[PDB]
Amino acid sequence: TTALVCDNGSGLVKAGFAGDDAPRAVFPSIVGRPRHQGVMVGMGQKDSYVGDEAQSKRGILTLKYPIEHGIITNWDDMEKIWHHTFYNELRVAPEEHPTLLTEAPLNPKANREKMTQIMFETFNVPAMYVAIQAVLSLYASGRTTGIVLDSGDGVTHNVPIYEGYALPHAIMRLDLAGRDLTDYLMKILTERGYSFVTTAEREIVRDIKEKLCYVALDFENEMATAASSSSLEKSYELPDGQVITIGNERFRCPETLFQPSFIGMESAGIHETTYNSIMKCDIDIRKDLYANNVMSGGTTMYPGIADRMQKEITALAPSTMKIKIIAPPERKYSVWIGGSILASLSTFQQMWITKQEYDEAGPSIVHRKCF
Amino acid sequence: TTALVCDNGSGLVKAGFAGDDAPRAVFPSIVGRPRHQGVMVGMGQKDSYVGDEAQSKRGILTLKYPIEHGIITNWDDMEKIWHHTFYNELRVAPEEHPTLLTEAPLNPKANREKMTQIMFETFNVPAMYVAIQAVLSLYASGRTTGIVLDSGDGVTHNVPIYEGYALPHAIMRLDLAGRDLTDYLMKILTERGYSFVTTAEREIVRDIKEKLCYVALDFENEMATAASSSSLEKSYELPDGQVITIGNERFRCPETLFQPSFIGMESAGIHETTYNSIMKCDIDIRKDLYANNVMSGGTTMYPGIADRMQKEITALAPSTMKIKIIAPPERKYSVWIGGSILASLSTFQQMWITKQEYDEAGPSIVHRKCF
Amino acid sequence: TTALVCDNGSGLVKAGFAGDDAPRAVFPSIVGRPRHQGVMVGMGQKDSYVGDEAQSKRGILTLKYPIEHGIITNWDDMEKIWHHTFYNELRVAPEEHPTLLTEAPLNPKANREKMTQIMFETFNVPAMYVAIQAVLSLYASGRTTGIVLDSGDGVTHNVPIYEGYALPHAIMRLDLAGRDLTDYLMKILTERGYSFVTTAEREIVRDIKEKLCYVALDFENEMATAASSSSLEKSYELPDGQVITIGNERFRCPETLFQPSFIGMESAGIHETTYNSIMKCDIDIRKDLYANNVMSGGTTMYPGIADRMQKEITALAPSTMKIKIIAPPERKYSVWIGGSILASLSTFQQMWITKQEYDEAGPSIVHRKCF
Ligand SMILES: Nc1ncnc2c1ncn2[C@@H]1O[C@H](COP(=O)(O)OP(=O)(O)O)[C@@H](O)[C@H]1O
Ligand SMILES: Nc1ncnc2c1ncn2[C@@H]1O[C@H](COP(=O)(O)OP(=O)(O)O)[C@@H](O)[C@H]1O
Ligand SMILES: Nc1ncnc2c1ncn2[C@@H]1O[C@H](COP(=O)(O)OP(=O)(O)O)[C@@H](O)[C@H]1O
Ligand SMILES: [Mg+2]
Ligand SMILES: [Mg+2]
Ligand SMILES: [Mg+2]
């Protein structure tokens, strides 16, 4: 039988079969419940929608995300989402397929206890595994060395690897990702009057960000240019025809990644975090880590991120080092692709947590056979 | 047992069984009593005449409408009208048929509380249920969603719906309707010397309104044409052979709907009262409401109201929208058609307020089950 | 030279000299224009009215507010109001008096830009300044650490301040204030048959809300008691001598502040707003914020509001964190008293935007020299 691969992204769930080059079913990780008094019988049924059928009817819905900063926060909702991904998107029976979930580094352990318990007692998958997304991303690049800078909707994290041996002490994590950038955009937009207040309008500001934002190579130069000319402004059309116009908001939002003092945080930017992660690693290996700066996750899709990161890290690291930021075109799906590759491997068969293992050991077993 | 459907409009009573596509009994809502002395015996009796009879003797009667601005004020007269409807018109005892009574939004709760009291304690129906009119209007059109404009004899209200879910905070009620247009037409005919005063002559200026009134496309240019030549004049034959002629009084009267400042009121004309109702909805669904604008009720029957409405809204809403005024050909009875459809459903049986529930709950029960 | 402190409210304008502990002039911020036709010669002149002379005549006027949600919607009218305050009320030649004005947080930049432009060019004041309203609201209390809850007629907004250092990420601004409660009260009044629809009647409903509305502590049980008997009902004599009797509408109105769903808004109540604001401030200062909540603005003068908000915040914070709400009885004018104090301080004399500085810098200086 062929195992599945279900990447529980913070924002979007990725799913697909083991061996597929690309995921087969992608849909935002939302649960919607209406917030108005229904009037028509035979109509407005299905108290709760999931994924696509909650986006396409969000006008009257309260969209709750069940995954917050990479940590599942509302279990009965994630159960519905898994049930959907299994029985409606892929159209598969879970009991007859192994599966490969994922997790971010340094998440509370009870999180993965509960993931495993749901998978084994509710859906009765024969065997399942829980990887760490950065390792999978480094698989996907077809590589053996690097410092995966992964960042998606919830979290931004680094994971240095050298010739197959992880360096757990050098891992750095940071809760500043796509959702926080969106929430800061909602706020900088009110300088022009555009008030977005509802959970549904978060999904409009998200796409405004996705389509219009970019990261300036140099922030102060871009601020000056925007202030002294209109060459940057770009106009966007709401769902209801209103045409909004944004200028320096196109780069003031992505720039949050590098100066988290914009959104009130104290910690340092992603470039400084990566440098401080490399400098935790033994002297003999930093030379290769500087030369394999892999990237992953959606939030690294902004134009100008790769060049900005290369410039900044070159500013940090010594003059003699050969920095290289690697940005695969499919980096949004790198984690899932690597997961498929790992699941298809010939030597991975023994590594599963068999149903018998859970029977004889409980959910705590998942800490001995996982990274 | 078959279920009855009644629609106690402010202008006419529409009543008849479910499953039919047209009301069985249609007649005006007036009870007339003599204002003169009856000298002859046997003939000249029955101090109260109702419905069509009252009109046929409107010479020697004072005609009272028990309903004014959708509110039932004279309860004795209204009970008379219902007694006529049940026994003389439909010929079927109310003691053995569930009933559905239409009603208007933002009405005093005492209104429907007393409707329930009267139906259960005076006529002893097995079960009754009260429904809004815009909801049923939408039912008739076979739609899932759309902004309904309903404008009968007394009350004009908008109820934007979405996928079977309404928006109570987006309702508007504008108590300016056919009766007020009749009064203003009566007031502006005197510019020619046709002094209509009596109520019986209100029943005739209303006939003039129903026959000749039409809504122009541009008021200023129509006035220009009217001043230019006699092309717009048309004549009408009173009951005693006199022939009248009216020019710009034909469209100056429906103009009220678009400029209630004509009759002193301040609230904005139906174009603005519909635009402002859409512009209070979730920003997501406005594009949907624009393209599914429904109409209903008699007052929307003026030749050309749909085009003026479309013009005004398209001049208000963003240029990218694709407006559509859904005007059913039978829109006069649309409320009752929708009521028949709703009463005929198999899964609507969960909504009837049974005699048992009223007896052990009191009239206040009607609010727990009625929108 | 004496300075002027002009707190432009959305419903009232509190303006006067700095140093006093009360404004020298208060008048509603409405510009009325006659709407009927004048017939008597020697009358009908002065075809645009302002303030209280636009109350006592409101019978024959359409009342329009310049500010809708702390935003200056109209400028041709706000110029009239400012001219009125400077010349007719205070009788002061503005060309020789520094003026200090106010604004809310997250308020569009063009708003204060154009305020500066008008004051420096239309009136030609030697110097001026604009201050957020939570800063002044906290000055008036004499503290230096606390999270203000300003609740005006148009806007409700918190500001966490610690030792004089604001927390710009934790400023929660909610556009739901006294005016929206006025409109909700008008909407629910009809349930009893009372129908107020026009601008003038909106003032009557404002006074009804002021006099009779109050906040309950347990809304569900308050409704239970109100339904049980008429113990809570009180009467009000409209200006023509009519008498209305409002019952549960007394506290169903200001309950909206703690359940913004009633009017369709999604955000959580103001207690939840304040608590969510607090839990985003670094952990060590939450203790000092939980004990220094300062109320302000007119809409906070509901009876029982302080008890309700204290109870509800206790329901959200942990058990051992002291929770207090400081509510000065004079709080309606807290913003203006803070403005007076700030203008009086000896060290503030350098913080003005001088006419010279504007002349050589342009409006953008407003965002530079002012917070
Ligand atoms: N082309 C893009 N440009 C900028 N941001 C993007 C782009 N595509 C996705 N994002 C952002 O990245 C996040 C989704 O990336 P993804 O890696 O799928 O997150 P997750 O793995 O948590 O589901 C979203 O917050 C989205 O706003
Ligand atoms: N063909 C028509 N043209 C213009 N006005 C009409 C026409 N028919 C009815 N009306 C007006 O609409 C009112 C009756 O229509 P209706 O929709 O049935 O109101 P209701 O249902 O409350 O009784 C009358 O007052 C009349 O003035
Ligand atoms: N006792 C009261 N109860 C409730 N609301 C009140 C009371 N007094 C005044 N208000 C409301 O406060 C508002 C005006 O007060 P104010 O603080 O000055 O608002 P603004 O900042 O715009 O000037 C009005 O909307 C009024 O309805
Ligand atoms: Mg990911
Ligand atoms: Mg009608
Ligand atoms: Mg204020």
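So the values come out like this:
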read-out	value
Members of segment C:360-371 that are touching a residue at least 24 places away in the same chain (Cβ under 8 Å), surrounded by fewer than 16 Cβ atoms within 10 Å (Cβ to Cβ) and assigned to a helix (DSSP H, G or I)	C:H367
Condition check for B:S296: under 30 Å from A:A54 (Cα atoms), out of contact with any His (no Cβ under 6 Å at 6 or more places or on another chain) and not assigned by CATH to the domain that holds B:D218	no
Selection from segment B:66-85 of residues that are without any contact (Cβ under 8 Å) to a residue 60 or more places away in the chain and of a type in the set (F, W, Y)	B:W75
Residue within segment B:138-155 that is part of a helix (DSSP H, G or I), more than 15 Å from ligand 2 (Cβ to nearest atom) and surrounded by 19 or more Cβ atoms within 10 Å (Cβ to Cβ) present	yes
Leading residue by the ranking (farthest from the other protein chains (Cβ to nearest Cβ)) among those in segment A:184-243 that are part of a loop (DSSP other than H, G, I, E, B) and over 29 Å from the mean Cα position of the chain (by Cα)	A:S231
Filter pass, A:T102 being within 27 Å of A:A177 (Cβ to Cβ), of a type in the set (S, T, N, Q) and more than 15 Å from ligand 4 (Cβ to nearest atom)	no
Cross-chain or 6+ apart pairs with Cβ under 6 Å, segment C:49-61 first and closer than 9 Å to C:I30 by Cβ, then assigned to a helix (DSSP H, G or I)	C:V50/C:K80; C:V50/C:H84; C:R58/C:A200
Any pair with Cβ under 6 angstrom, 6 or more apart, that starts in segment B:291-304 at a residue that is farther than 16 Å from B:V159 by Cβ and ends at one that is away from ligand 6 (no atom under 16 Å from the Cβ) and of a type in the set (F, W, Y)	B:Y302/B:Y214; B:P303/B:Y214; B:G304/B:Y214
Meets criteria (in the same structural domain as C:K234 (by CATH), buried (at least 21 other Cβ atoms within 10 Å of the Cβ) and either away from ligand 4 (no atom under 16 Å from the Cβ) or more than 18 Å from the chain's Cα centre (by Cα) (or both)) for C:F251	yes
Some residue of segment C:196-204 being without any contact (Cβ under 8 Å) to a residue 40 or more places away in the chain, more than 29 Å from C:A54 (Cα to Cα) and not assigned by CATH to the domain that holds C:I305	no
Residue match in segment B:35-48 (condition: away from every other protein chain (no Cβ under 14 Å) and under 21 Å from the mean Cα position of the chain (by Cα))	no
Every residue from segment C:119-164 that is more than 14 Å from every other protein chain (Cβ to nearest Cβ), within 16 Å of ligand 6 (Cβ to nearest atom) and not hydrophobic (A, V, I, L, M, F, W, C)	C:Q133, C:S137, C:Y139, C:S141, C:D150, C:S151, C:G152, C:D153, C:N158
Selection status of A:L345, farther than 24 Å from A:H271 by Cα and either without any contact (Cβ under 8 Å) to a residue 24 or more places away in the chain or outside the structural domain of A:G9 (by CATH) (or both)	yes
Pick from segment C:293-316, criterion surrounded by fewer than 21 Cβ atoms within 10 Å (Cβ to Cβ) and part of a loop (DSSP other than H, G, I, E, B), ranking: nearest to ligand 1 (Cβ to nearest atom)	C:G304
Pick from segment B:278-301, criterion away from chain A (no Cβ under 14 Å) and of a type in the set (S, T, Y), ranking: farthest from B:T182 (Cα to Cα)	B:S296
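Listed here are the residues, each with its yes/no results for (1) of a type outside the set (D, E, K, R); (2) within 15 Å of B:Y290 (Cβ to Cβ); (3) within 14 Å of chain A (Cβ to nearest Cβ).
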position: B:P328; (1), (2), (3): yes, no, no
position: B:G339; (1), (2), (3): yes, no, yes
position: B:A343; (1), (2), (3): yes, no, yes
position: B:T354; (1), (2), (3): yes, no, no
position: B:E357; (1), (2), (3): no, no, no
position: B:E360; (1), (2), (3): no, no, no
position: B:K369; (1), (2), (3): no, no, yes
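Numbers and lists here come from the model and the stated rules, or from a named source; nothing here is a laboratory result. Ideal geometry is used to build each Cβ from the backbone, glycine not excepted, and the neighbour counts take in all protein chains shown.
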